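> Got an experimental structure here, sequence first:
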Amino acid sequence: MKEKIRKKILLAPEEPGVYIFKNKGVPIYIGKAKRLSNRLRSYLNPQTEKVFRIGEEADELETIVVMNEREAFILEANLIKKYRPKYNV
């Protein structure tokens with residue numbers, strides 16, 4: 001995983017949000033979190049091959065802090081529909 005992405009993960013706030021792993025400007029995985037910190041830290045110790053791939057292929061991680069979990073739910077659904085990222089099912 002790129003050092004800058006590891007850094008971004010470790011600095012992520014304990015706040016609801018949506019996160020977007022990207023490669024060359026293109027989203028490759030979009031997810032949401034009740035706590036960005038907790039959820040993103042899970043990528044550091046990959047529990048599945050897919051989590052490993054997402055973290056290795058990304059050259060950028062964008063995070064969006066949201067007002068609450070209701071906003072995370074709809075923003076995540078909307079962005080997945082818009083971008084249809086490689087690793088989202």
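Thanks, I have the structure now. Residues are numbered from 1 along each chain as shown.

> Dig out what the spatially most central residue of the chain forms beta bridges with.
The C-alpha lying nearest the average C-alpha coordinate of the chain belongs to residue 19 (CA atoms, centre = their mean; 3.2 Å). Legend: beta-bridge partners of residue 19 under DSSP bridges are residue 31, residue 63.

> Let me see the contact set for it.
12, 30-33, 36, 39-40, 61-64 (CB atoms under 8 Å, 6 or more residues apart in numbering). Every residue, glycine included, has its C-beta placed from N, CA and C.

> Those residues: which two are farthest apart?
12 and 30 (15.1 Å; CB to CB).

> In terms of packing, which of those two has more residues around it?
residue 30 (25 against 21; other CB atoms under 10 Å).

> In this structure that one contacts residue 88, no?
Yes. The pair residue 30 / residue 88 is scored as a contact, 6.1 Å apart, by CB atoms under 8 Å.

> For those two, list the residues in contact with both.
Residues within reach of residue 30 and of residue 88 at once, by CB under 8 Å, 6+ apart, are residue 80.

> Against residue 62, how distant is residue 78?
15 Å (CB to CB, to the nearest Å).

> hang on, I meant residue 43
For residue 43, the distance to residue 62 equals 14 Å [CB to CB].

> Looking at the two, which is more packed in?
residue 43 (22 against 13).

> Once you drop chain neighbours, what's closest to that one?
residue 55 (4.8 Å; CB to CB, 6 or more residues apart in numbering).

> Tell me if residue 37 really is in a helix.
Yes. Per DSSP: H, G, I helix; E, B strand; the rest coil, residue 37 lies within a helix segment.

> That one: neighbour count?
Neighbourhood size, residue 37 [other CB under 10 Å]: 15.
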